[PDB]
Amino acid sequence: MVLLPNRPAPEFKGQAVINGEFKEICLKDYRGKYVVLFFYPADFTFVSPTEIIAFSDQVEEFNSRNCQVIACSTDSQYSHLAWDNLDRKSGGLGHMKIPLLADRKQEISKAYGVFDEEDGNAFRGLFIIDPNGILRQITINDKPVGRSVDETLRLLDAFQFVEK
Amino acid sequence: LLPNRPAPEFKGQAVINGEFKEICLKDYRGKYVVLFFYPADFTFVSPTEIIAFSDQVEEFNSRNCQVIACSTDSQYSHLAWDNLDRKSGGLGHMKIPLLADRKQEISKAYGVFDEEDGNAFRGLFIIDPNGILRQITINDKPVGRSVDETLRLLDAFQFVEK
Amino acid sequence: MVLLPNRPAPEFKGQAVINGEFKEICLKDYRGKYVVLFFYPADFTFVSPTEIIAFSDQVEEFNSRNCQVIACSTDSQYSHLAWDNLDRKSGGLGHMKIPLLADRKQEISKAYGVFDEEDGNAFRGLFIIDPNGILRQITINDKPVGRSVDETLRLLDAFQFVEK
Amino acid sequence: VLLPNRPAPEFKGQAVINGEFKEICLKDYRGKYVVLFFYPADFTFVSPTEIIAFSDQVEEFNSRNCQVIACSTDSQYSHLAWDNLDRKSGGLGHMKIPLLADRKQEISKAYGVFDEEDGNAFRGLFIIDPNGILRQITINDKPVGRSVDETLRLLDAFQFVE
Amino acid sequence: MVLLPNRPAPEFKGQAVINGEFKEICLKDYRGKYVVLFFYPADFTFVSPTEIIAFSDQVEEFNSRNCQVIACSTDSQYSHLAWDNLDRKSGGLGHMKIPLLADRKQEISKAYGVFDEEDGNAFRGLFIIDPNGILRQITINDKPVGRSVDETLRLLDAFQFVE
Amino acid sequence: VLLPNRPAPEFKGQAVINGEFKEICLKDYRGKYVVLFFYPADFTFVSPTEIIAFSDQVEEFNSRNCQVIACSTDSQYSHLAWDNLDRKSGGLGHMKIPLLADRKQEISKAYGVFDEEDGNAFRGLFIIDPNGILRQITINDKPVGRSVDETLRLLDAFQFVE
Amino acid sequence: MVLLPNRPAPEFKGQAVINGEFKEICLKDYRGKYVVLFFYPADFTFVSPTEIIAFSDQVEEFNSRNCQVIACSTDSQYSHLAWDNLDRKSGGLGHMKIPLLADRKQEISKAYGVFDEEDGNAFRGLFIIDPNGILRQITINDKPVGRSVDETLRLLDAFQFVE
Amino acid sequence: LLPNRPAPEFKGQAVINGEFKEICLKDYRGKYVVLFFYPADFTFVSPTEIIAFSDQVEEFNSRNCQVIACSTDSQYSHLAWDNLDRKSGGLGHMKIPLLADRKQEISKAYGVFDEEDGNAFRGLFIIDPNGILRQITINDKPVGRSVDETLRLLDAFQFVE
Amino acid sequence: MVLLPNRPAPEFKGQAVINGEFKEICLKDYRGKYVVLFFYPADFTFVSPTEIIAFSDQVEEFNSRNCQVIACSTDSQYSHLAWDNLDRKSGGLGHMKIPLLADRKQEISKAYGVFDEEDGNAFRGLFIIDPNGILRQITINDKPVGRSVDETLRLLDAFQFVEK
Amino acid sequence: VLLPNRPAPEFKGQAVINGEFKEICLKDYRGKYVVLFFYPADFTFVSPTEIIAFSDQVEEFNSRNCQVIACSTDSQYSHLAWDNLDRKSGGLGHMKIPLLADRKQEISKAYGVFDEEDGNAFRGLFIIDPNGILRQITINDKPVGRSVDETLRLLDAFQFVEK
């Protein structure tokens, strides 16, 4: 059905573009931190990728909250690096402040239940994961509609409150 | 559960304007539906949520949207809570319907049912005028939901619906 | 299932309202004492409070008999506590001298075979259980019709007579 | 699975009525209430006191539009013999209620009063309505008998709320 | 699965009326002796009492032949005791010289293959078993026709000749 | 094991009659009683004195409208050879009783007399009425023979109650 | 489906008539020697005794080859013995020089695949088995048609020349 | 595999006279058929058998019988083997059909298929004009079959017909 | 298992970039013409475009042989388009004279057995399919090694010879 | 699925080398590259051109540390006879490469080149690395043959890739 809160988040592992470079990352690496893992359908189509860029520009709001924000797609790492190295006016991302994770085997976005079998693209999900790897928040949007940084930080603040 | 798919059907007994009516999703065809879940009656944050939505109900009326609240509690718990006034830990008199899922069917169909306590996680679902599910939100039980954010999403979906 | 007498009574464990407080209780707590476990369909109803109050006012008849009465419903412990705190004039229970057990996962009502798949409410069952946790008597009433204290008392007296 | 909003299990069998063999089924009793009670065996101590106690009170059930049937796994011949046996000698005297014989153990298993530990049914009592729907379930451990008065009370309540 | 002569007789354990009183018995209680186990449909009937009585009157023949005769029906022991206490004039057995076995759970007559599923009654069987607990003779009659003590004596002698 | 209220199992086989092979069925004998009896093997000791004892008494079964048939797992050829032989050498002399061959083991297995150890029948005797309904089952351990007069008695009793 | 050469012959065990006397024989007994195991449908027939006698008269031909001939049929050992007591002029075997093997339970005929489900009799098979119990030659004839001792001998000779 | 039953149907490429021709058992209705198997082409004891059956072919023609040789080799191996003279180790050009069982159906359906290699045991099967199996012979690979015994058998079956 | 020649080739249908535009194409579109379907692991990779390009420059060779060449990978058509608008000076494709087919759903590469479960990319496959949709030639190269235009031309010619 | 980066299917069988029978397997060839190629049948038209073409060039592969092996569903005897037959006569001359008989169909089935409609292998070609890991896969429909120069090119490319 749906992933449930108060259950361990699905393990993910994969190639990510981090600071213009390819790195193998997984969920276990983030132990001790909150994690916002959000998905988007594709590279090189938005047609203005304002949403991911919004999370990249607000990133210190998350870093001060002891939270790591990770963007993810079914595109490969090369498509990711290419999209990132392209400047915003030209349609690209510009250079992002968050990791761009590529799941090319579809298994990650399937593990989080956001995978759409029609286009082979992920619906835009957002998942909040606690320092121990437990799932807290599940947000899944239809593709045409984006997500809010403020809401994400409100939720995060609430969970960190219930924490202490 | 996924967006852009037909929303799971539900039929249930509900408290509407101080009395029982059986309602189903098919009845709301032609307008959006916000269906939200809460763990139990006679609790702390849940009534704050429900009262928040019911007090903002005109915002949903102007958007042609119908908000419904749901619990695994019986319609009798629901009605007793509806009759209890705000200051005494009641709901006052609610301007949105209270759906009772006593067979656990609706919570399970929407995948918000928690096998641990027999209660629902706090789910919120935006369903389109054709009965297609546009949005899925699921909150861990300690944390509530925003009416503002819901309205934002609703406005986005209605904007994209041309 | 219909349960049969002279067999071990199904184990139950759950949260209950006792003295207006949440406790966790189970059948094995009552070893050495008889247990009358009776069910009713729902809180904030009509015949159920008359039943429960009738059994509550008589609690010393059961206690002098070394027997523990427990009421059970599919309602939560919050609905139970809310009803219990409501006075009789306002339609509540006044204040109950017997434990009000919430079976919210349906497990207890199902293990005793009194669960109704139709409305998700228990039929009015009543079960007498000896200090060894063995089932003694079975009474299951249709929802409109209630149960008698003096009859349960009679049954109890009989079982304790043939006990030793 | 045995629960009292449902149609009662249909029984059919040979019975002793006024000292003769007569085949009866549940459907012959449409329009009336039925109290169907089981006892472990013929030619015992506790059981005849129950059968005699109910048969002596038979007018209370007749006044209530109800038919009382006793059932055991014994053959109809054992039934007949016990019936012919004088009250003083441990017999039933001549019964005013039908004595149902379940030799195949189908009716005891149908009402779930049969225990494989021995060949006998528990002391069951089932109140069934004019439409053949089950109302009351009672199952006693074998040493402990049953009350006529409680049966009358139950009957009165069911007939009252109907 | 069919029960045959050279195979070990099916074990049975049940309640019996012996000399007026209740006692639990089993086949192994009878090891060291021959056993004639005969079934009848029910207590308080017509053809059965003359038969069982006819066996009980000849009981000394079986005794002197080192044989134990056991009668079995699906009735309980209270029915058995009842029928045994009833004097013969009334249609009772008078007091039997052989045990009356009760199989209420139907498992004994089912184990010997004599159980009718049309009613809860046993077909009229007879089984000759040896001191080692092995089957010897199997005889099943239609209910309208009774059994002969003479033929059972002949069979018993015939087996005791060979073993 | 067989019960005697039921249709007797159907057999079809090669029989030796008057010293010649003929194909027989149980249905050829309808309207008549039938005694079907089994023996382990040809060219043995007890079986010939049995079959001969029955063959000499054939007139007794004739007057009762009953047909006696001997059956074994031997072929029709061993049956024939056994017949043509003289009673001094162990043979049967010449039989008035048909010798049925069960070479497929069908007829013995259908009557439940088949021994899997040596692959041949115990001593069965089955009384079947004119309608093909099974009446009497008798099964003897191999070393012990059967009574002609007990069979005649049973025949008379069944015919009596008929 | 059918037995195969260069694979261990199916083990057989049972009662056989040897020199007018019953014996219990099996294929293990004959290890170290060749075996010709042949089947015939029934005792007291026309062609089968022709075959059997033809093989019995020449037994010394198989003895000089270190080979044992064994005849087998679904008839019992008693029918076998009776057939072996009968003169050849009277339709019997005379007194046989080869083991006459009864397979009553039809195990041996079925293990060798020759069993006819129709009449309950074996087709006329012939099997040649080496000193290690390994199956070499397989011959199965329709029932009206018999076999040659000459050809059997030929086969044996070829196997032994190859051995 | 018993001889009262209809013989398993075979279909396949045969080499007759040096050409590829499709044949099947039902082509042969009304005649007796002896089907014999051999392990492989270009082997030592097989060509002698096959040649012995071929030099005697008319013995089978007088009896209304068709002899067919069959193996698991391809029709190209059959052709190559059949063209080659015996002085060079071939069959010369011979009078009976050479059936290729490449898909190994025919050998498996007749129970002559060995699974240690891909070859058929030397089977010999006699089949009546109505396509019913009469005689079953299976020899271990080192040992060959007689033509005289085959004629004898065929005569016996023809007589009992 | 691997595909075989002389059997109907798996039907592919997908979204493709032709002349800088999106168009839905399938296999049955190409009836009457031969089809060379070749797979490559990913867009925006290091040297793969040199192979794809080598095939692109030679398109006339295939066109005069009545063959249609199709390039296919698991990238989205958006990646395809971006890479096909990138000049080779940047490492892009220049512009392709060959249709760029996008198998996002992994269906085509799975059905053609060239999909590998390790990185979620296709191996370097090549499939020669006659005008009736019958598989004729199968070539599968390990990712590090490219293929040849000339051997493909030779095979194409051979199949066109034996067709007549 | 049969894919490049996985270890190649292990094959074992009787092959002909220098007009002589050797049993070989894949495990023999560790340390060397291996080109395995399949053809439908012996004594055909197209296939001998291929086999001879690969053979006459054998040293080109030997110098590249590669072992070229040909395989068909024919026996080793067909292989041998075809190898003895002169080229002018349509034979193989004398092979400089191993000729591998798959008579059990196993090797051909393991490489997915087996054609059920035939019993003959499609013409496959498989390049295997020294470590036993597959590299290249090519399968032709039967009428179309394969190129030696392209094989050499592929080999060069792989070895240049790894070194």
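Chains as they are written, first to last, in our numbering: chain W, 1 to 164; chain D, 1001 to 1162; chain A, 2001 to 2164; chain P, 3001 to 3162; chain B, 4001 to 4163; chain G, 5001 to 5162; chain F, 6001 to 6163; chain X, 7001 to 7161; chain C, 8001 to 8164; chain V, 9001 to 9163. Positions of the beta carbon are idealized from the N, C-alpha and C atoms, including for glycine.
With a threshold of 7 Å on Cβ separation, who are the neighbours of residue i within its own chain once the five nearest residues in sequence on each side are excluded?
i, result
"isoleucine 7096 of chain X", "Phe7053, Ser7054, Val7057, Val7067, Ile7068, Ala7069"
"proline 7129 of chain X", "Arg7029, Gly7030, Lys7031, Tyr7032"
"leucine 5099 of chain G", "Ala5015, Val5016, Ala5070, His5079, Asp5083"
Using C-beta distances below 6 Å, list every residue in its chain close to residue i, excluding the 5 sequence neighbours before and after it, in chain order.
i, result
"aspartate 1114 of chain D", "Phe1121"
"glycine 1111 of chain D", "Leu1001"
"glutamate 8011 of chain C", "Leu8027"
"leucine 6086 of chain F", "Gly6092"
"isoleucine 1127 of chain D", "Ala1007, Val1033, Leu1133"
Rank the options by C-alpha distance to the C-alpha of residue i and give the top, closest one.
i, options, result
"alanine 3015 of chain P", "P:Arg3103, P:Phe3160, P:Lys3109", "P:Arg3103"
"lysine 8143 of chain C", "V:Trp9082, V:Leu9154, V:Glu9150", "V:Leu9154"
"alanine 1100 of chain D", "D:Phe1060, D:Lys1021, D:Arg1086", "D:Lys1021"
"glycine 6014 of chain F", "F:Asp6029, F:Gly6133, F:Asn6066", "F:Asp6029"
Can you pull the chain X residues whose beta carbon is under 7 Å from the beta carbon of residue i, in chain order?
i, result
"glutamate 6151 of chain F", "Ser7146, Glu7149"
Going by beta-carbon coordinates alone, are residue i and residue j separated by less than 8 Å?
i, j, result
"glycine 6125 of chain F", "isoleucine 6140 of chain F", "yes"
"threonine 9073 of chain V", "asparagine 9018 of chain V", "no"
"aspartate 84 of chain W", "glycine 91 of chain W", "no"
"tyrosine 8040 of chain C", "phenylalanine 44 of chain W", "no"
"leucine 1133 of chain D", "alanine 1040 of chain D", "no"
"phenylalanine 6127 of chain F", "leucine 6037 of chain F", "yes"
"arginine 147 of chain W", "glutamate 21 of chain W", "no"
"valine 7160 of chain X", "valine 6047 of chain F", "no"
"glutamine 9136 of chain V", "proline 9048 of chain V", "no"
"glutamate 4151 of chain B", "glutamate 5150 of chain G", "yes"
In chain C, which residues lie less than 7 Å from residue i when you measure between Cβ atoms?
i, result
"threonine 50 of chain W", "Neighbours of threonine 50 of chain W on chain C: none; closest Cβ ~17 Å, over 7 Å."
Using the beta-carbon of each residue, which ones in chain B are nearer than 8 Å to residue i?
i, result
"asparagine 3120 of chain P", "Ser4076, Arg4104"
What residues of chain A sit near residue i, judged by a beta carbon separation below 9 Å?
i, result
"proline 3004 of chain P", "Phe2123, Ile2140, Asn2141, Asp2142, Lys2143"
What residues of chain G sit near residue i, judged by a beta carbon separation below 9 Å?
i, result
"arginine 4136 of chain B", "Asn5140, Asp5141, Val5144"
Which residues of chain W have a Cβ atom closer than 8 Å to the Cβ of residue i, listed in chain order?
i, result
"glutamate 8117 of chain C", "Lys105"
Show which residues of chain P have a CB atom less than 9 Å away from the CB atom of residue i.
i, result
"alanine 2042 of chain A", "Within chain P, no residue comes near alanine 2042 of chain A; the closest Cβ sits about 15 Å away, beyond 9 Å."
Which same chain residues, not among the five before or five after residue i, have their C-beta less than 8 Å away from its C-beta?
i, result
"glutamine 106 of chain W", "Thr74, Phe115, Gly120"
Going along chain V, which residues have a C-beta under 7 Å from residue i?
i, result
"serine 7077 of chain X", "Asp9042, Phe9043, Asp9074, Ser9078"
Along chain H, in chain order, which residues have C-beta atoms closer than 9 Å to that of residue i?
i, result
"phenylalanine 159 of chain W", "Reference to chain H is not applicable here, since the protein chains of this structure are W, D, A, P, B, G, F, X, C and V."
If the cut is a Cβ gap below 9 Å, which residues of chain V does residue i touch?
i, result
"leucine 8027 of chain C", "In chain order: nothing, as chain V lies at least about 18 Å away."
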